[PDB]
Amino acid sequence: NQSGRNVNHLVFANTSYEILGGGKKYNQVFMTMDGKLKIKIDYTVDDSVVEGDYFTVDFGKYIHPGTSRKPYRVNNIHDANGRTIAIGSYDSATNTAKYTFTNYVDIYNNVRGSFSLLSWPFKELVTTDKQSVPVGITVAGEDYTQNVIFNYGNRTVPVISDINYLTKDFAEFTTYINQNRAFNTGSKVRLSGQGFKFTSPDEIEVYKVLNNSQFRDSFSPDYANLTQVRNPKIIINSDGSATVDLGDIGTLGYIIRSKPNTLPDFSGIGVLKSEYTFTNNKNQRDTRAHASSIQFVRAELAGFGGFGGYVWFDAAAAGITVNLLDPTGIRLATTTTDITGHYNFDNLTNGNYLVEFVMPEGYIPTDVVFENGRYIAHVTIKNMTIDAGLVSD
């Protein structure tokens, strides 16, 4: 069921891409040098659009909003003064963001603006370095396509590693061993990091390649078709690091898929490195290493919050209109109290909201304010209980 109608045909938009990161100079998204695809949308909305109406952004087959951090989300659209024009929600199943217009469009005419999204490719689709992909998206029912070259910087070296993705609890770390296919003995791999911790060998899996084609450049390999080691010699060190003992591998190539835990209340730059120590072709000890850094963006890692409460007559107050507002007074959502006088709003992005309780004619409450039969309370979400007692005037 819908809050409004599909108004793609009523939203007139122009879209463009900007390559960000360390690969700007090369016209490539450098996936290991902070690279990302920025999508910029300038838009006009027809005056016939009302609150609840929505337009869509279909991200197509190759990219998704957000970058390295899951779950993926889109932001609400605002005007120059921070008033919410549309609520943003993302569905991962269809790879589509929907923007539901607020009562802004009913207050203002000639609604104009622009918003931007940071995007990343699907590493299972965009697999190869220097691969030029037709990044085709649909904005307000209108297709936009531009070729974008992606590069992960996969080298035929003893050791290279990358962070596949990051969640609030863990990251997936991909380590490639002996892509150069040199004769190696006494091969040991050490996995360590800042903001990360290993607690069990269960969060590390070891795979053996049949040939170099299984070394996917995107560092998100096809694990279902890789040969997993049944007996991986894994030891969890006291410092929180882990050591994978591959043994005498010869010319064999290995993939290590690890899931290090995030440290609670960690702030700053997360680091994951793989240290590969071994004995080479000519019986000499060698050590190679590679490190990956990642920003712990809290707002892009936090799930979703919500709040609720009871409304009563100082007896439960049923069917009282409760509006969810942004701090500027724009309505984001509406509800009513149930038979027990309970209301709630869930799946809200972190930040500040206003709760508006609509008073029945001739009723008053009892910081908080009361204006023209409307009791407004401030709420911060990072649950929370907000109640309202009703008294006769």
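Don't overthink the numbering: it's just position in the shown sequence, from 1.
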Should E51 be counted as unmodelled in at least a third of the other PDB entries compared? no
Go through the other compared entries with residues on either side of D42 and state whether a third or more give it no coordinates. no
Unmodelled deposited residues flanked by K382 on one side and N383 on the other: 1 to 3
Here the number of deposited-sequence residues unresolved in the coordinates between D314 and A315 is 10 or more
Looking only at CA atoms, which has the higher mean B factor in the entry: 223-231 or 91-99? 223-231
Report the stretch with the higher mean CA temperature factor, choosing between 253-261 and 274-282 on the basis of the entry. 274-282
Out of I177, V209, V135, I236, which residue has the highest Cα temperature factor in the PDB record? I236
So among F173, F296, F215, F122, who wins on Cα B-factor in the entry? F296
By the entry's values, the third containing the CA B factor of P71 is the middle
What third of the chain does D367 rank in for C-alpha temperature factor, lowest, middle or highest? highest
Going by the recorded CA B-factors, say which third of the chain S3 sits in, lowest, middle or highest. middle
Among modelled residues of the same chain, the CA temperature factor third for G141: lowest
What third of its chain's C-alpha B-factors does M31 belong to: lowest, middle or highest? middle
